[PDB]
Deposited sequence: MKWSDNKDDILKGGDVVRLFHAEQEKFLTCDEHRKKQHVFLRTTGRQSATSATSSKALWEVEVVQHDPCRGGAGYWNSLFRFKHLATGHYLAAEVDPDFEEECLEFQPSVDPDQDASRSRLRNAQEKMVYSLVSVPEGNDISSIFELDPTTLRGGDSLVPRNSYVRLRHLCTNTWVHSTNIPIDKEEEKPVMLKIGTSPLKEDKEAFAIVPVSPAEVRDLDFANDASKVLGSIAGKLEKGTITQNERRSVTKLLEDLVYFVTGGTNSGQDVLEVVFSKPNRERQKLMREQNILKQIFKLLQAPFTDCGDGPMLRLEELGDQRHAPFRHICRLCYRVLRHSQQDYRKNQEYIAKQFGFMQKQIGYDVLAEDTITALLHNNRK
């Protein structure tokens, strides 16, 4: 009741996760390339248990609930609210999950959701009328720290996205600018496990990255929002300060982390193209035409 956990499929050696694909939310078992299945820990695999009176599972990263509906005949899905009876499951002990509403048991499949992708990693999950034996889940407890971290990252992501949208449309208030400035500094402190504050350049020599947090920055769309912020002015001193901090968060988010380096370099390339390579030349001509 209130506990946060990961649901690890024993036979498949994959965690039950929920993420967006093709601009849609999907529930699935995630294939990992790691040589240690239990090390493939994603914030998108965190579920908060709710005691009905038997159980409901709330996807912490999106607030939606685990459910099942006709697509084995049914398939696990994500739903906006936890009111329907379709989001209620029964645990039968390692535990097997029975979907009350349909009286079916959670069963894994090899049907990938990300077809187009080379070597897909999203495997659909359904329910079978028969109670299998190799379709059990290990309930993996999640540490309070990881939960607190997700809560902060989730809030940060919303603030950055919000402020970014406003900045795209023009400008922001003094408080919003002050808030985003403080948040970016907090993000530096956060991702470097407190080794850097982001207040000066000299301290960079002692920065040490917290890998799980760097990963969180990417997964919870913090990095995505940062680029949105960087792009906004192309679509004073405090503004430059905000941009400097944006690049600082990017720096520590990719520090000694190959996956984030490629992700960030890719997003930077996209932003550059989206902005246009001639935006400054065109702007200078326009300014001169208006005698400036």
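- If you line the structure up with the deposited chain, the stretches without a C-alpha atom are 1-12, 66-78, 97-127, 150-163, 306-322, 380-381.
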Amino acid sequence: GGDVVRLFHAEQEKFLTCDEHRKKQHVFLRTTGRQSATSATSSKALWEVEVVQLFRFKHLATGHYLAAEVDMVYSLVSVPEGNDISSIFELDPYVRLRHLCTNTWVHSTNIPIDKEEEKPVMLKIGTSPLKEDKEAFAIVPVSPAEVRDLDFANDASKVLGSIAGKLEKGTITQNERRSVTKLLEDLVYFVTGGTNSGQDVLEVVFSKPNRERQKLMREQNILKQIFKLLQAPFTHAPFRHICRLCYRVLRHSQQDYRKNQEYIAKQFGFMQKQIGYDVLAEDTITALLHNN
From here on, numbers count along this sequence of modelled residues.
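- As the entry records it, the average C-alpha temperature factor is higher for 28-36, out of 28-36 and 239-247.
- Higher average CA B factor: 105-113, of the stretches 105-113 and 196-204.
- Each of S162, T181, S128, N221 has a CA temperature factor in the record; the biggest one is found at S128.
- Set against one another, the Cα B-factors of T173, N210, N154, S75 in the record reach their highest point at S75.
- In this PDB entry, the Cα temperature factor of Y189 sits in the bottom third of its chain's modelled residues, the lowest group.
- Ranked by C-alpha B-factor against the other modelled residues of its chain, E262 falls in the lowest third.
- Per the PDB record, residue ranking by Cα B-factor puts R148 in the middle third of the chain.
- Ranked within its chain, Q53 lands in the highest third, by CA B factor from the PDB record.
- Ranked by Cα temperature factor within the chain, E20 sits in the highest third according to the deposited record.
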